[PDB]
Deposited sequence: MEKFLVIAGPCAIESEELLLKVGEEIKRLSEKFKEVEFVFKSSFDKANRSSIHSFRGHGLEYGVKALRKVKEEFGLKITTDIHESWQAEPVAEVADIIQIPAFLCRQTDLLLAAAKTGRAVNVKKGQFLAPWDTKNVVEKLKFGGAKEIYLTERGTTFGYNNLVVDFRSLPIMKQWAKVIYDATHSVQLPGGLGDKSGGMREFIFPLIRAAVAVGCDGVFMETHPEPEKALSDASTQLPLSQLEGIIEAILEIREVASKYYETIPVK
């Protein structure tokens, strides 16, 4: 099946930033024709740890910016919602509506996304066990969602640390397509992440077997207004994608049937 690569800057710092990253993602989409690229960027970081951290420029501005990326590059779009009322307006541009990890159990939010007719990707909560995502999928199907994804992004392991239990991939695959979040899984919650572990863990993900990967990427991560310690330098995206496609190919014959 066509492998999914969800990538883009963590936050919509500006429409300019989006177009710059979008241009590169479009270039890669022309090279890796076996991959379905989906451009991602949040119009609002509604759960920052600090009240002083960057959040965004609003839903209106964000949707407009994402619409520009789609119009200029013909790329599919995904962004996350935080409250039920945002589902409808976001659905006007987003091909995939993303549900934040902390909100994976909020029934009304899931239902709001599901009734839009768009695909829905739920980030698995850091508090959730793999088998408990079955009910998350059930809620979505109940709400009308026909294309559902579950994203592995790490599990609470002691304080300010996340561990990736790769057994979650084959478990969740039982009821939905599975995406591996390569950048959030190495973040150290409330720590201030370890970028040195992004590549090795993404290699593990495709060796185990998943339906796609999620990666935050920015031209200059150190200057990012969010996830500055974990966003992947844009220039490194192509090489990482080539590597995972190669590993996926050689491991694919061994992927177990669900």
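In this chain the deposited sequence has gaps in the coordinates at 1, 194-198, 265-267, listed in sequence order.
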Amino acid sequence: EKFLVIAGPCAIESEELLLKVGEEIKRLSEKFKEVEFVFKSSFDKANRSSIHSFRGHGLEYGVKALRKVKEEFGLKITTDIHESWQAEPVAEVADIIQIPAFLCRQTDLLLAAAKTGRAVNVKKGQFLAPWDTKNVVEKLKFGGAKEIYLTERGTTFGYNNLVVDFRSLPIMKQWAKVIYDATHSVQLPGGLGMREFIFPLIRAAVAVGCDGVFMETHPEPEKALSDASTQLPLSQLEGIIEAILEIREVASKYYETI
From here on, numbers count along this sequence of modelled residues.
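For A207, the fraction of other compared entries lacking coordinates, among those that model flanking residues, is zero, nowhere near a third. Compared with the other entries of this protein, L192 is frequently left unbuilt, missing from a third or more of those that build its neighbours.
The deposited model assigns a higher average Cα B-factor to 183-191 than to the other stretch when 183-191 and 75-83 are compared. Here the stretch with the larger average CA B-factor, out of 197-205 and 66-74, is 66-74.
Placement of the Cα temperature factor of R118 within the chain: middle third of the modelled residues, per the deposited record.
The entry lists a Cα temperature factor for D227 that places it in the highest third of the chain's modelled residues. In the PDB entry, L59 places in the highest third of its chain by CA B-factor. Placement of the Cα temperature factor of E249 within the chain: middle third of the modelled residues, per the deposited record. For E220, the recorded CA B-factor ranks within the highest third of the chain. Only modelled residues enter the ranking.
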